[PDB]
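Take this sequence and fold it.
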Amino acid sequence: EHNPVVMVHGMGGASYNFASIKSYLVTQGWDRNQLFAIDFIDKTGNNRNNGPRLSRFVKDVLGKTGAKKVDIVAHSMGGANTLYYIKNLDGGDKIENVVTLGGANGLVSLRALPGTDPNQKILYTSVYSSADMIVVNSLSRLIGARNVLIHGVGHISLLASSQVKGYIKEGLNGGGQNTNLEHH
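Numbers count the residues shown, from 1 in each chain. Below is the structure in question.
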């Protein structure tokens, strides 16, 4: 069974940015009512506002579903907000699979953070495009993650791309990586 999916938009974004990805995941057997897309208030995506809002949102999802973990699909600054939640707040034991799309990940960590539950490390798929003019690829790459480079897809187009959707499915089914508990 799939974990609930918490979808995390970027700066200037909205929950409905995930309309295309939600519809795709339903065609692949996710339940539409188990896809939970947050709406942030802060138009810039600042972690000090978005991090705690995401924490409250995830705690609520776990409480009502009874699931042990959520999965994350995050776009742009949403990737930083997710990593901030894991690193600096209480997200480290609440998340299993993370997929970021053009994530501004290196604002918070250069490395894929395994979290705080020794029973299950957080797995990452960081998808980024060489055509992205808004978030440079070096900011999206995460040491120890599965780092996935595509071409031609613009920053906002990441939300509708068929390649991206295929990688989201892989990641939400456990196809991310995190080698940071291993020795070099």
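
Can you list the residue ranges for strands in the protein?
Taking DSSP state E to define them, one finds strands in the chain at 5-8, 35-37, 70-75, 95-101, 123-129, 146-150.

elements contacting the second one?
Contacts defined by 3 or more C-beta pairs under 8 Å, 6 or more residues apart in numbering; DSSP states H and E place strand 35-37 against strand 5-8, helix 19-27. (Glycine included, C-beta is placed from N, CA and C.)

Can you say which of these is packed in most?
With neighbours defined as mean count of other C-beta atoms under 10 Å, these peak in mean count at strand 5-8, which reaches a mean of 26.

Can you tell me the strand partners of it and which way each runs?
strand 35-37 (parallel), strand 70-75 (parallel) (DSSP bridges).

winner for burial among those strands?
The most buried one of the strands paired with strand 5-8 (mean count of other C-beta under 10 Å) is strand 70-75, showing a mean of 28.

gap between it and the chain center?
Strand 70-75 sits 3 Å away from the centroid of its parent chain (C-alpha atoms, centre = their mean, to the nearest Å).

try stretch 105-113
Worked out by C-alpha atoms, centre = their mean, stretch 105-113 lies 12 Å from the chain centre.

going forward, begin numbering at 539 instead of 1
Sounds good: first residue 539 from here, last item stretch 643-651.

which one of the strands paired with strand 543-546 lies closest to residue 547?
Smallest distance to residue 547 across the strands paired with strand 543-546 (C-beta to C-beta): 5.8 Å, for strand 608-613.
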